[PDB]
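Note that the sequence shown covers residues 285 to 298, 302 to 334, 343 to 356, 392 to 476, 489 to 527, 548 to 652, 672 to 710 in the deposited numbering. Where a beta carbon is used, it is the ideal one built from N, C-alpha and C, also for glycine. Each remark here refers to the structure printed beneath this line.
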Amino acid sequence: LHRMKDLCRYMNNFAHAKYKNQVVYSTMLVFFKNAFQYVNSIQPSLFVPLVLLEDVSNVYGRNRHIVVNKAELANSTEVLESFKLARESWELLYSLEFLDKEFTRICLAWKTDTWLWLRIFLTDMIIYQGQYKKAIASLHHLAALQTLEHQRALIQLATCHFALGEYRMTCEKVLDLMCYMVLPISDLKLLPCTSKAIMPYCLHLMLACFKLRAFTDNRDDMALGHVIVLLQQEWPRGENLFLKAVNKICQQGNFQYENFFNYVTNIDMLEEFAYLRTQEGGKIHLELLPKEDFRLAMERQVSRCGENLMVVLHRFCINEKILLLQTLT
């Protein structure tokens, strides 16, 4: 590819059929070879499927990189190299004008559906590119052509709908995503189509969305509730954000997040809320219920310590689908 780049550099910067034919066809075979390798690595069912995502790890805080662990993908280095080389092949195909035209021709001559392997590989290059609308269209193409590949389509739609500032369509796609994910448990990521890597990513997605929806100097209370509920995930990393939420509630003093004692299964949450209610965290009026009934409800909930966190978080996600109304901001 780079020998051709030097030779094609010379043939492009300035019939000359040989150079253009080489730059198209040699790239054509190498592009299908590398794309076949990539989609034989990720989503291997076309010849656990893997998906090229964008995980926002810092929810408490041509030159793109894929953050894939060596555990879920032990051959991640050369798979990433093959994806990069095929992306460069596609870029060099569409870069030179004659190469662009006759590559479009040769790809149109074969199955323009791009099957599923080539279609997935196009979705992956486009998501890695930084452009998400053609990625979303290619994922719709997948869904038309197509937890197996439904997990693939939904999770890729989620990461292409995040796209730096949508924050709602991602939530809807992800909510429809766990509907297929039933299990009792900061850059682009490549995670499998299983719960272990998709559930934390989806929860971080909702956490970031509701964090940006909540801390906007407004009086939105439901967003604060969603924020606290999702923050239970991965303690004690959410310590500072919970402290900020407590300070905000002390400033306001009108927390009305009914169904509160149905999702908040954390001892520290309840101890802090009781701290706020006695004299010293202020005298903060808390409508956590849909005087005695309040302490009585906290006494029921301290008895529910444990209650493995993903089960209750998934129950919150599926039962309270009305979170899209607060997600509108």
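- Annotation: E688 is outside any alpha helix (DSSP H) and is labelled neither H nor E by DSSP.
- Apart from sequence neighbours up to five positions away, the residues of its chain that approach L333 with a beta-carbon distance below 8 Å are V326, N327, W445, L446, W447 and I450, ordered along the chain.
- Between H566 and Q707 the beta-carbon gap is near 18 Å, outside 8 Å, which marks them as no contact.
- Per DSSP, reduced to three states, the secondary structure at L506 is coil, with no helix or strand assignment.
- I396 sits in a strand when the DSSP states are folded into three classes.
- Contact between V311 and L429 holds: their C-beta atoms lie close to 5 Å from each other, under 8 Å.
- DSSP, reduced to helix, strand and coil, places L651 outside both helices and strands of the structure shown, so it counts as coil.
- Beyond the five residues adjoining it in sequence on each side, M584 comes within less than 6 Å, by CB distance, of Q707 in the same chain, given in chain order.
- DSSP lists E642 as the bridge partner or partners of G644.
- Between the alpha carbons of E411 and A465 lies a distance of about 21 Å.
- Annotation: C521 to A495 spans about 13 Å, alpha carbon to alpha carbon.
- Taking one beta carbon from each stretch, the stretch 686 to 705 and the stretch 619 to 631 have 3 or more pairs nearer than 8 Å; the two touch.
- Between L550 and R394, the gap from beta carbon to beta carbon is short of 8 Å.
- By the Cβ criterion, the stretch 640 to 649 is in contact with the stretch 599 to 617, since at least three pairs of Cβ atoms, one from each stretch, lie closer than 8 Å.
- Judged by their CB atoms, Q594 and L490 are not nearer to each other than the 8 Å cut-off.
- Going by DSSP, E673 is part of the alpha helix (DSSP H) stretching over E673 to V683.
- DSSP lists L552 as the beta-bridge partner residues of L347.
- Here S419 has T314, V317 and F318 as same chain residues with Cβ atoms under 6 Å from its own Cβ, once five neighbours each way along the sequence are excluded.
- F617 carries a strand assignment under DSSP once its states are collapsed to helix, strand and coil.
- The distance from the Cβ of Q498 to that of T453 is about 6 Å, consistent with a contact at the 8 Å cut-off.
- Between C564 and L519, the C-beta spacing is below 8 Å.
- When secondary structure is reduced to three states using DSSP, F334 falls in the coil class, being assigned neither helix nor strand.
- Residue burial is scored here from C-beta neighbours: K289 has fewer than 16 other C-beta atoms within 10 angstroms and is therefore classed as exposed.
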